[PDB]
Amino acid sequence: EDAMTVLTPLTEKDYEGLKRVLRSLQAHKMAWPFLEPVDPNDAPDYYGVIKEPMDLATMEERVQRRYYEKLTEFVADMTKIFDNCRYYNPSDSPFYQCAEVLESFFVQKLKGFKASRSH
């Protein structure tokens, strides 16, 4: 990551952009598996295997509470959603395919956020 992503403290202005990115993911048709935590009853060994679960509702709470100090930390939580999904599910699973498309969408939006940070 570039040095601004790693080092520049997030401001309130930055948080308006992070909220916009999060809302765009939550509205995407293929974000349906990631809106809320994985239900253990739908995946019985999931919480024994996935040591750091993440989901978009948890990220929404963290954004509201100003949990993130650096953009890197916000990107790391987002990336957990996708990496956990691809770690647990086979490549032909609908969940895995959602992670592939939604991560590409996140990267597009993230690049937009980084470009606008200076202006």
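Heads up: residue numbers just count along the shown sequence, starting at 1. Throughout, rigid core stands for the largest set of C-alpha atoms superposing within 1.5 Å between the two forms.
- Rigid core fits of the other structures in 7 other deposited structures of this protein place the C-alpha atoms of one stretch farther away on average; of 83 to 91 and 39 to 47, that stretch is 39 to 47.
- Stretches 41 to 49 and 66 to 74 differ in mean CA B factor, with 41 to 49 having the higher one.
- With 108 to 116 and 2 to 10 compared on mean CA B-factor from the PDB entry, the stretch scoring higher is 2 to 10.
- Highest C-alpha temperature factor among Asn84, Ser91, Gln26, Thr58, as the PDB entry reports it: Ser91.
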